[PDB]
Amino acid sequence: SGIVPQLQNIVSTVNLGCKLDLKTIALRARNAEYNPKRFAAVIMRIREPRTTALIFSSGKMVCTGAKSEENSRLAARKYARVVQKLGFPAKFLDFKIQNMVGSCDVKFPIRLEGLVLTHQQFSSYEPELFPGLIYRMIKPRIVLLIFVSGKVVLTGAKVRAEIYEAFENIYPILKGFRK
């Protein structure tokens, strides 16, 4: 297509390998908060890579907001180090990229009303509920949110190649419905 989807968000998980005292973490770490009555984890943030972590008493952690796999792992290690420095016997076990989000612009308006008819088996489009056509692709297994503006969001990927494969698969289809 000559168009490369840009990564906008990465969700990763890692296991610190030890029970954690969320109250202690919340009290001592800057940009760390804990309100068990609202959510069961410590919400911690760092400005670089700009991300947000959810740290559970179990030792498991969720890292969100990075723009790349590297940046996601880098952020996860920084959060792990913070917990480690606090005094907990933290490890860095089974780090894994769980979801990746990409977006691009095909630079032409799309006749979503048309796409939905021909690709009924993969599309959900109710403009009065949400303006984007939701395309549930099978191979690769990725969900695309296709807009009239020609903007496209792709999500559900574990590796970037899946975002690229999905976009390359949809491109010839969107061209067939230029508005």
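The numbering used is simple: start at 1 and walk along the sequence shown.
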Fill in the blank from the handout: Avg C-alpha B-factor, entry values, 55-63 vs 37-45, higher side is 37-45
Practice task
Identify the stretch, either 123-131 or 106-114, whose C-alpha atoms have the larger mean B-factor according to the entry.
Solution key: 106-114
Completion exercise
Top Cα B-factor in this entry, restricted to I10, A166, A157, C18, sits on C18
Completion exercise
Chain-relative C-alpha B factor for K91 (record values, thirds): the highest
Exercise for the section: Within this chain's modelled residues, let me know which third the CA B factor of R50 belongs to: lowest, middle or highest. Expected result: lowest
Problem - Relative C-alpha B-factor of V148, binned into the chain's lowest, middle or highest third - result: highest
